[PDB]
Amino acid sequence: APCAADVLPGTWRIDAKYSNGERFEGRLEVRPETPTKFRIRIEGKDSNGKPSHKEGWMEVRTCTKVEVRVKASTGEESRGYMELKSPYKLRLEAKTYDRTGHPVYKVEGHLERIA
């Protein structure tokens, strides 16, 4: 089966839910940097329409798993993994930390590739 690295570049739709009951919907754009590393940008909205933006990187861990680390301008950092479930679908699990490194919520999401 194809590895995550082979199918990652392009644009993905993201739908995520947080452990604090908030939600996120938007798009993730993945650009290749090196064979094992990708730059990512995330843009979307919460359930009241409020926009949010994150940027960061993804690094290959296994044929099906990539590590993701992103930051917001608030100073919040998120770190987790995405697992390839099909040629066009990833499952996300991550933890978000505030500026001082205290955990604020956990994130679970599904991504599907649209370009």
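Numbering starts at 1 and runs along the sequence shown.
- Comparing the deposited coordinates for 62-70 and 47-55, the stretch with the larger average C-alpha B-factor is 47-55.
- Just going by the entry, 1-9 versus 105-113 on mean CA temperature factor gives the higher value to 1-9.
- When all modelled residues of the chain are sorted by CA temperature factor, residue 19 is found within the lowest third.
- Remark: residue 34 belongs to the highest third of its chain, ranked by C-alpha B-factor as recorded.
- When the modelled residues of the chain are ordered by their C-alpha B factor, residue 91 lands in the lowest third.
- Split the chain's modelled residues into thirds by C-alpha temperature factor. Residue 27 is in the middle one.
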